[PDB]
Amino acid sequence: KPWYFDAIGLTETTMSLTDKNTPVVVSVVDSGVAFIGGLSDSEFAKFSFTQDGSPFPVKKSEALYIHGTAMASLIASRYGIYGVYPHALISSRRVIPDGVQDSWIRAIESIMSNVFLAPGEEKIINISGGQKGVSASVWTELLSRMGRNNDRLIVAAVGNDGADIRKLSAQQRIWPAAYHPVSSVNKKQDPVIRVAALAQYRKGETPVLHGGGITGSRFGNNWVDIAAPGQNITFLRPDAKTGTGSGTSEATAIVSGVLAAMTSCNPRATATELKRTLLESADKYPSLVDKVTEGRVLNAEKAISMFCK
């Protein structure tokens, strides 16, 4: 399939361990999703948190026209693009462009208050981007509460431009990745998984973070939980053709697909257990410790095997 399948151990036997009979819906909190091509049969729901009231992506910007569809395709596309977990469905929550204020937060609050979601429906929440220029008070209240609930996970891109997150000011850091709990309890229940982007590699090769002043991965020990494939990534566009991108948006989508695959095996598992198994099962590279907490690199074979076994 794409290069990153073999690189992360997303093999046939790995996928055989998942339960396709258990519905898993990944939340895509983004610019809206076009359920076309390989995503034709992927829709669970779609929501608007934008000022136009529309759940569909708009042409205001080319990047924003395509972005939600791209991410959804990386998680779940059934043909054309090879989704990480093609059995998954997608719940699109459009928050950009022209979001209502705190649209990102409204999107998440909407999940959190919905008791009619079955276990495995919007348990894994993909945020391939987020809010900067953040009184991170509304975010911090919401995330610590979700942490206490111990039911859902937010997979959050650390952002692009290659900056060291430790040296950025609060206004430049991307939320919810910028959530930085300091109490023992809030760290232990932290529901955010912060994802950095790796350059192309083959299994056996030592990964490095994708670099560059434009699409290069942001980085920093204690501000990044895991790194995942994030270079030379092919994705779906709303007009049904493909594009190729690099960065943390793509890397985040891939991690969400792996978590989706795991959840199929026990959708009633705690957020803490899912997060722990993902992180514990990650390959640890001493060369990456400055860039990523414990030098963690996504290993889907081990994550899925451990959780599903």
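Note that residue numbering follows the sequence shown and begins at 1.
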query: Residues with no coordinates between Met112 and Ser113, taken from the deposited sequence as a class; finding: none
query: Stretch exceeding the other in mean C-alpha B-factor - 166-174, 225-233; finding: 166-174
query: Given 135-143 and 184-192, the range whose Cα B-factors average higher in the PDB entry; finding: 135-143
query: Top residue by Cα temperature factor, when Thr69, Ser61, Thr248, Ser256 are compared in the entry; finding: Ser61
query: Cα B factor band for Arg296 (lowest, middle or highest third within the chain); finding: lowest
query: Chain-wide C-alpha B factor ranking for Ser54, given as lowest, middle or highest third; finding: highest
query: CA B-factor ranking of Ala240, expressed as a third of its chain; finding: highest
query: Chain-relative CA temperature factor third for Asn266; finding: highest
query: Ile105 CA temperature factor, ranked by third within the chain; finding: middle
